């Protein structure tokens, strides 16, 4: 098997945010098309409940929590994945695929954080760790620098107006969302009150690069355009395309063709904008007859958040829409909604269409699963936590992983066998008011029967001492002593 592999990888899109998992409160027709065209997963997880660790886990096949510095990265964060590492991109390139990444990166660029010259080539970047083509946002939509990077170079730079970036202090004379809120077309709810770009304040300060600044209205359009351009450009030979959307992540600034259309304000409108992007990819493959020999994978980097730092009506217009489906918590949390994400695999003539799998799966296993598919032996040390299971990911086998370690925003761990879930005691608040999410951090051990109690309402650690011991021990077995070590 040497098929094309296309990831459509969403940001902050929860189990109940797409209509494929049963929601009647939003209509995502293209995502339903994909589901009825392949296999839909009800128990597939991101490695982490935040972006940078989930993305690190996926491309490296290593649990993010094994390394300090794999947490939510700043725009000016240095390359977390160094060229010495064997990457999923490397696997494909070495197997003779063309490789491209389009959209959100959020794994750092350049050598030393806060010291990059954004007017010069970023070294090292995406093109040093197995990607032949890159068209990326440095970090998230709400983080400076708000420019696009093509093959590790910022595009549309006027050298008479060079970019500067600091997360330490403002450049004197540059206004902020905090001090100059009259310059804003969208107001912050918490943080997001530093440098201004197209009337929206961000996290971090910048100056110059006016010509290189993106427009948030046209991000979905620009990224999806480059994604389709890349599929059209490589229609003759095997390619791996990692298409990672801005969509559902703040600031939520959908194309005018989507403003108002969901009734749930910008947040809902950006789910429809995501569904549009999915449409563009599926149609490009169908136009070119690429649906004969293409594996399409749709998923999210982590669970959902309603208010994630802007006054964008997300709370007021949610109605009875449940982003996390029936599952407790959301983004940042130890609870299921933090990591249990929409996941579809579609592969014509391999995967039975309209199929469902309750297998315990994780995005960390794709690396090893693609080695199994390509029938190639992984180098010593590569994808160390990645468990191969092509049979499970193609819906031909009920049984997924036997054990899975999940991580939250405070880097506390949980372990599950698909049925029981043990949350290891750790530091951190029980609740974040700003984001209105239960984080699941506790000094007390927690045990939940996800089959009898999927809402994780009823902690039964006390009533199952022998089971708590078995699963505490199993967690540490998988941790080794390799937790929070240096990059």
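Numbering follows the first chain given and starts at 1.
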426 to 434 set against 66 to 74, stretch whose average Cα temperature factor tops the other in the entry: 426 to 434
Given the B-factors recorded for C-alpha atoms, which segment has the greater mean, 297 to 305 or 343 to 351? 343 to 351
For the C-alpha B-factor as written in the entry, point me to the maximum among 325, 381, 103, 145. 381
Have a look at 226, 82, 331, 202 and flag the one whose Cα has the highest B-factor in the entry. 82
Comparing against every modelled residue in the chain, figure out the third that the C-alpha B-factor of residue 26 lands in (lowest, middle or highest). highest
Modelled-residue ranking by C-alpha temperature factor, third containing residue 462: highest
Looking at the C-alpha B-factor of residue 37, is it in the lowest, middle or highest third of its chain? highest
Tertile call for residue 263 (CA temperature factor, within chain, third-based) is the lowest
Could you say whether, by C-alpha temperature factor, residue 447 belongs to the lowest, middle or highest third of its chain? middle
